[PDB]
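Just below is one structure, and these are the notes that go with it.
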Amino acid sequence: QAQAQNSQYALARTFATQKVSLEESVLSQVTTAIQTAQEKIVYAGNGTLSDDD
Amino acid sequence: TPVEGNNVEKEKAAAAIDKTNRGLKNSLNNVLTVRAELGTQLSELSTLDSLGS
Numbered sequence: 054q055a056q057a058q059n060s061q062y063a064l065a066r067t068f069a070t071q072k073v074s075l076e077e078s079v080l081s082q083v084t085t086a087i088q089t090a091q092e093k094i095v096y097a098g099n100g101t102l103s104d105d106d
Numbered sequence: 213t214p215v216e217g218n219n220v221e222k223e224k225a226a227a228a229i230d231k232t233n234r235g236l237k238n239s240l241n242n243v244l245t246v247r248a249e250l251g252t253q254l255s256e257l258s259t260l261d262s263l264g265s
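Chains O and N, in that order, give the protein sequences. Residue 54 is where the first sequence starts when you use the authors' numbering, and the numbers rise one by one after that. Residue 213 is where the second sequence starts when you use the authors' numbering, and the numbers rise one by one after that.
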């Protein structure tokens, strides 16, 4: 009985890790994208830009 | 078009040339905008494929 409990939680941990890693990946890329959008915003602050640029 | 000594042709041609000057300026800006859009496309494609791998 005890062994059965342990095995079931092995499986649960397997699937939890699946989802966790899959999130982390796109989350890192989201950080990247936020940062690039930030940089191009800071360039919008450039006080020499013409309207077409 | 010969314009030697012939007003109404001299200035007429000059006005056509001026209009051409403005037009070329606008055309350059347009094609530069297209270039910029393609540059963003390329950057996205590079970023996306790494994510996929």
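No residue lacks a Cβ here, since even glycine has one placed at the ideal position from N, Cα and C.
- Contact holds between the stretch 74 to 90 of chain O and the stretch 257 to 265 of chain N, because three or more Cβ pairs, one in each stretch, are under 8 Å apart.
- Straight-line spacing of the CA atoms in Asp106 of chain O and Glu223 of chain N works out to 34 Å.
- Listed by position along chain O, the residues whose Cβ is nearer than 8 Å to that of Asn241 of chain N are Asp105.
- When N:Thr213, N:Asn218, N:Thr245 are compared, the shortest CA-CA separation from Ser103 of chain O is found for N:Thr245.
- Proximity of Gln71 of chain O to chain N, defined by a Cβ-Cβ separation below 8 Å, is not satisfied.
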